[PDB]
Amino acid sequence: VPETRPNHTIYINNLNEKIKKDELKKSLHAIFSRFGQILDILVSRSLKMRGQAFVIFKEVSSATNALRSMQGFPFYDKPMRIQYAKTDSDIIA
């Protein structure tokens, strides 16, 4: 059950795990700033959190258009799988 309730934050997974934290954080900001003001991008390479990212948008509408537009797009040879986050991010909340 993919989280479909619109939220300020999008959840991305199926990310290439071999990409370095900094390069990844930078590429996602590149890919997503078109859609609106990004407040932050949260990336971790721990066991639980690798292959995933959260990008936080100032406007929900930015999150939606970003989610809708980049869905499934090949990124480092892997299709991005995007949902909304299940719960608000901290700066948003």
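The first residue of the shown sequence is 1; numbering continues from there. Rigid core (definition): largest C-alpha set, two forms, superposition within 1.5 Å.
In terms of root mean square C-alpha deviation after superposing on the rigid core in 8 other deposited structures of this protein, the stretch standing farther out between 32-40 and 47-55 is 47-55.
The deposited CA B-factor of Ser46 belongs to the highest third of values across its chain.
Among all modelled residues in this chain, the alpha-carbon of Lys78 has a temperature factor (C-alpha) in the middle third.
Ranked by Cα temperature factor within the chain, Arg34 sits in the lowest third according to the deposited record.
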